[PDB]
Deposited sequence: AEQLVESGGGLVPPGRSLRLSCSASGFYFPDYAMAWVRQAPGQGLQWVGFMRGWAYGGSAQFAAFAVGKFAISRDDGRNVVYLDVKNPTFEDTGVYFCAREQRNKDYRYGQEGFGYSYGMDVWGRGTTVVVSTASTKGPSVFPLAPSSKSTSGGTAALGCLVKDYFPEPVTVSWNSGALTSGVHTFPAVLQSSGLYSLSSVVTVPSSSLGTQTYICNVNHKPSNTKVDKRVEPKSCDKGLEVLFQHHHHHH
């Protein structure tokens, strides 16, 4: 019902101003104070700042690091909040969530003090932002040469996701395809592995597909 959706980019160039958008539906957005919260890879939640609705003055406040370097504005008739990042750097990589502050029992924010104490009850799904000079591309697949283990290294691709199967689906026992991790280059890399009896060295082929780049690869993994 109530829903937020962030957009505004995967790979973004360093130094160039960045605008994220948070589009709302299913609720009366101008009643709500809106926050931006980001999550760097493997890190915890970091509040960037928030902006009040018009009825509470519409002022905005930010974490210390963010003051003057980020901005928030809202277009109520378009049911959208924006986050502008002036001069993004690698430090700004992460998932950016948009969230609303819940109002209380009396359809109100608090009368004393800060006033935003009913929790962030609606969150967007998040938009992944990667600050880098790299370009979109499919992955390079390299064998991980051989109870024994072998696998495929699926390296240097953007964006997510890729899909990996083994022997076109016929091999599933002992397969572990690892979460993508972001490299310093800004591109993802991942390994898929399977344990196998050293006597069987049966043929082994990993089939990696990366739809965003129309890339299908089948690599033979021999000793």
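According to the record, the deposited residues with no C-alpha atom in the structure span 147 to 154, 210 to 211, 234 to 251.
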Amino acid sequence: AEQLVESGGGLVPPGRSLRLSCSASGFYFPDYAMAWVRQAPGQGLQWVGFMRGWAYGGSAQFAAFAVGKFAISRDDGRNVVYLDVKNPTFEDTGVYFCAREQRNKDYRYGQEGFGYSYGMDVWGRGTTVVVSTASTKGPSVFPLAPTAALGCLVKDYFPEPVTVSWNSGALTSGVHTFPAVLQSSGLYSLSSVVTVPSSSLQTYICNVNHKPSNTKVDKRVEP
From here on, numbers count along this sequence of modelled residues.
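Of the two stretches examined, 104 to 112 and 76 to 84, the record assigns the greater average C-alpha temperature factor to 104 to 112. For the pair 147 to 155 and 90 to 98, the record assigns the higher mean C-alpha temperature factor to 147 to 155.
Residues shown: 43, 168, 183, 61. Highest C-alpha temperature factor in the entry: 168. When the modelled residues of the chain are ordered by C-alpha B-factor, residue 164 sits in the highest third. Residue-level temperature factors show residue 208 in the highest third of its chain, judged at the C-alpha atom. Placement of the Cα temperature factor of residue 20 within the chain: lowest third of the modelled residues, per the deposited record. The deposited CA B-factor of residue 117 belongs to the lowest third of values across its chain.
Ranked by Cα temperature factor within the chain, residue 221 sits in the highest third according to the deposited record.
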